[PDB]
Amino acid sequence: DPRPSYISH
Amino acid sequence: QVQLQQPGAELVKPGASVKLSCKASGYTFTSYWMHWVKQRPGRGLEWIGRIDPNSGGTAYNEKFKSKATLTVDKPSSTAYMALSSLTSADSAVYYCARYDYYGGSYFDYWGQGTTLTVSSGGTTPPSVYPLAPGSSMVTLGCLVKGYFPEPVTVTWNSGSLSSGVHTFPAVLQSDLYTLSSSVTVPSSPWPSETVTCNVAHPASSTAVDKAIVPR
Amino acid sequence: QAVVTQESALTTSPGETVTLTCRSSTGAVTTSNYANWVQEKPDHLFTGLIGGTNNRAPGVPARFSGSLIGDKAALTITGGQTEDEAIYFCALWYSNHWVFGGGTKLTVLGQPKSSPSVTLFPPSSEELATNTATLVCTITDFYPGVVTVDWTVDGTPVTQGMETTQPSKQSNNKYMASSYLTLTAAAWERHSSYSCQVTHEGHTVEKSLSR
């Protein structure tokens with residue numbers, strides 16, 4: 001919801 | 001009900017490598033990420049990293065990148081983690097926790113954690129000493145001194161004692177475990193009759209039975 | 001890197017609201033850290049409750065909620081239950097890794113307080129023949145679960161060869177623990193007074209024994 005946590009893999 | 005089953009205790013020598021497993025079940029194994037956490041008494045919880053069942057992609061903690069190697073076996077729905085070049089600091093409990101998606105989200109299910117113990121001390125049998133009162137209800141007990149490695153089994157009178165009984169956990173002093181158990185009985189029975197603690201030690205195939213006399 | 005801190009311990013009663021916070025050394029906790037709260041019930045039983053500052057885990061009791069209180073992340077528990085007494089952990093995300101806090105030891109007084117039942121056992125003679133002695137101080141039936149133990153030889157505080165187990169939940173939900181004092185058999189011949197002092201909630205209980 002804000003941007004950071006993801007970045008897959 | 002979602003479950004993550006992990007082995008309870010693993011014993012290995014400094015210098016070797018272990019491959020801790022983590023069985024999933026109850027959901028589509030490839031829809032959620034898997035993380036590994038390390039916990040040692042003192043400190044707290046330290047993140048090791050994760051793997052994505054679908055992609056295989058993984059993100060490691062800079063500090064554990066040359067130490068752990070995550071992977072998964074889709075068929076058997078299990079996540080693994082090999083730790084290389086084991087040492088004394090690598091001893092501890094290792095958990096596998098399932099990760100949830102969408103807008104970041106959370107860490108909902110956890111495995112019970114595998115307690116890894118890294119040492120090169122040969123099996124050592126316990127020494128059982130009777131804890132007796134310095135001669136209303138009376139309290140007695142057994143001292144299971146310097147045994148290794150975990151864990152021992154203490155019972156009173158074969159099972160002939162429900163409560164009054166108390167089994168404390170082991171303390172590690174001088175790379176060697178110690179624990180004791182206490183059974184508080186009516187002032188009646190003892191010395192009148194008697195209590196007997198049953199100590200067992202798998203890593204040593206030892207089984208001592210000690211009855212208690214006041215002196 | 002970004003040490004995360006929470007409260008050591010907190011004490012609340014059944015029915016009231018207790019709030020837990022989480023400190024980020026890099027500054028403030030923001031919606032971008034995706035705060036995560038995890039509970040630790042005895043014997044390594046872990047369950048996530050909140051993830052991403054405020055998303056409640058599925059199957060998680062409604063009374064649990066997460067939010068931001070200032071420049072901190074917090075877990076509020078309205079209507080605390082007895083089973084809620086456990087250890088709570090805070091998880092913070094930092095660009096590419098997870099940092100937990102030290103955890104908060106939460107106490108929900110779901111029963112009456114009770115001073116510890118202390119018992120001092122002297123070294124047994126079978127051990128005294130291996131050229132070494134050990135005093136054993138057993139502590140049971142106390143609540144809340146934290147006690148601070150103290151050994152003294154001849155009325156003088158003794159520090160070394162002392163071992164104290166972590167308090168453990170009994171059958172009747174109270175707590176139990178044990179401490180050990182290991183001396184050489186010789187060393188145990190010299191002194192005369194031996195006492196185990198147990199301090200629980202500001203009140204000290206002693207158990208002496210003269211050799």
Side-chain angles (χ1 to χ4, degrees), chain B residues 4-22 34-50 60-71 79-97 110-126 144-153 167-179 201-204, chain C residues 3 38 40 42-46 87 89 97-103 161-168 177-178 180 182:
Chain B
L4 290 190
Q5 301 147 66
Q6 300 182 74
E10 301 242 45
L11 214 208
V12 163
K13 292 143 311 325
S17 47
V18 289
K19 191 183 179 221
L20 309 179
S21 76
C22 170
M34 193 69 67
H35 300 239
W36 291 84
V37 184
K38 172 195 176 183
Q39 179 193 61
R40 291 169 306 174
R43 345 292 186 149
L45 300 176
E46 207 170 53
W47 187 65
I48 300 183
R50 94 264 176 148
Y60 289 91
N61 191 310
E62 293 293 333
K63 170 179 172 176
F64 295 94
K65 64 190 190 67
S66 54
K67 176 65 65 188
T69 316
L70 317 177
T71 183
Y80 294 111
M81 172 169 84
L83 294 171
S84 56
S85 293
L86 267 346
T87 68
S88 37
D90 283 307
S91 253
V93 191
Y94 291 103
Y95 308 81
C96 58
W110 285 64
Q112 267 192 294
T114 312
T115 75
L116 174 70
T117 287
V118 180
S119 188
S120 29
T123 291
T124 299
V144 179
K145 179 183 158 63
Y147 63 93
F148 196 119
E150 202 101 25
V152 294
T153 297
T167 290
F168 307 89
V171 275
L172 187 76
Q173 185 40 61
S174 166
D175 314 328
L176 227 50
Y177 294 126
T178 287
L179 72 63
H201 190 219
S204 77
Chain C
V3 297
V38 177
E40 194 203 325
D43 261 332
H44 307 310
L45 214 319
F46 275 91
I87 299 158
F89 281 105
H97 60 296
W98 287 99
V99 184
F100 293 77
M162 189 216 305
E163 295 287 80
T164 308
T165 80
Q166 290 289 303
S168 160
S178 56
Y180 302 108
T182 299

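Chain identifiers are assigned alphabetically (A, B, ...) following the order of the sequence lines, protein sequences preceding nucleic acid strands; residue numbering begins at 1 within each chain. Hydrogens, waters and symmetry mates play no part in the numbers below; they use all other heavy atoms, side chains included.
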(Q) Go through it in stages, so that I can follow the logic: the residues are B:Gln6 and B:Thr114, the test is side chain to side chain donor-acceptor pair (under 3.5 Å), and I'd like the CA-CA distance, side-chain angles, deciding distance and then a yes or no. (A) CA-CA 6 Å; B:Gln6 300 182 74; B:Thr114 312; 3.3 Å; yes
Using side-chain heavy atoms (C-beta onward) and a distance below 4.5 Å, is [X] in contact with [Y]?
| X | Y | answer |
| --- | --- | --- |
| C:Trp98 | B:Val37 | no |
| B:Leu83 | B:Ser17 | no |
| B:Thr69 | B:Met81 | no |

Q: Output, in order, the C-alpha distance, side-chain angles, deciding distance and verdict of side-chain contact (heavy atoms from CB on, under 4.5 Å) for B:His35 and B:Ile48.
A: CA-CA 7 Å; B:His35 300 239; B:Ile48 300 183; over 6 Å; no
With distance as the sole test, does [X] use its side chain to make a donor-acceptor pair with the main-chain N or O of [Y] at under 3.5 Å?
| X | Y | answer |
| --- | --- | --- |
| B:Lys67 | B:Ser85 | yes |
| B:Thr124 | B:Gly122 | yes |
| B:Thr115 | B:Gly8 | yes |
| C:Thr165 | B:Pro169 | no |

For a quick test of reading the model, state the closest non-hydrogen atom pair linking [X] to [Y] and the distance between them.
| X | Y | result |
| --- | --- | --- |
| B:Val171 | C:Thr164 | CG1-C, 4.2 Å |
| B:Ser204 | B:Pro126 | OG-CD, 4.2 Å |
| B:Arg43 | B:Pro41 | CG-O, 4.0 Å |
| B:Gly49 | B:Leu70 | C-CD1, 3.6 Å |
| B:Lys38 | B:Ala89 | NZ-O, 3.4 Å |
| B:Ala79 | B:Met34 | CB-CG, 3.9 Å |

Who passes side chain to side chain donor-acceptor pair (under 3.5 Å) against [X], sequence neighbours left out?
| X | result |
| --- | --- |
| B:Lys63 | B:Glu46 |
| B:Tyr147 | none |
| B:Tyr177 | none |
| B:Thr87 | B:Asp90 |

Q.
Could you walk me through whether B:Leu45 and C:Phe46 satisfy the side-chain contact (heavy atoms from CB on, under 4.5 Å) test, starting with their C-alpha distance in whole Å, then the side-chain angles of each, then the deciding distance to 0.1 Å, before giving a yes or no?
A. CA-CA 12 Å; B:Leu45 300 176; C:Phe46 275 91; 3.9 Å; yes
Q: Measure from NZ or CZ of B:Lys65 to the centre of the six-membered ring of B:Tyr60, then state whether that distance is under 6.0 Å and the direction lies within 45° of the axis.
A: no
I need the [X] [atom1] to [Y] [atom2] distance, nearest 0.5 Å.
| X | Y | atom1 | atom2 | result |
| --- | --- | --- | --- | --- |
| B:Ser119 | B:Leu11 | OG | CG | 8.0 Å |
| B:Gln39 | B:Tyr95 | CD | OH | 3.5 Å |
| B:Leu20 | B:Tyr80 | CG | OH | 11.5 Å |
| C:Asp43 | B:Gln112 | CG | CD | 7.5 Å |

**Q.** B:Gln5 atom CD: more than 12 heavy-atom contacts under 6.0 Å
**A.** yes
Q: Just jot down the ring-ring contact (aromatic ring centres under 6.0 Å, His included) partners of C:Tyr180, sequence neighbours excluded, or say none.
A: none
Q | C:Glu163 and B:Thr178: CA distance, side-chain angles, deciding distance, side-chain contact (heavy atoms from CB on, under 4.5 Å) verdict | A | CA-CA 10 Å; C:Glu163 295 287 80; B:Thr178 287; over 6 Å; no
Q: Output all residues satisfying side-chain contact (heavy atoms from CB on, under 4.5 Å) with B:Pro14, sequence neighbours left out; order by chain, then residue number.
A: B:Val118, B:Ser120
Q.
Before you tell me yes or no, could you show the steps for B:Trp110 and C:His44 under side-chain contact (heavy atoms from CB on, under 4.5 Å), namely the whole-Å CA-CA distance, both residues' side-chain angles and the distance that decides it to 0.1 Å?
A. CA-CA 10 Å; B:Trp110 285 64; C:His44 307 310; over 6 Å; no
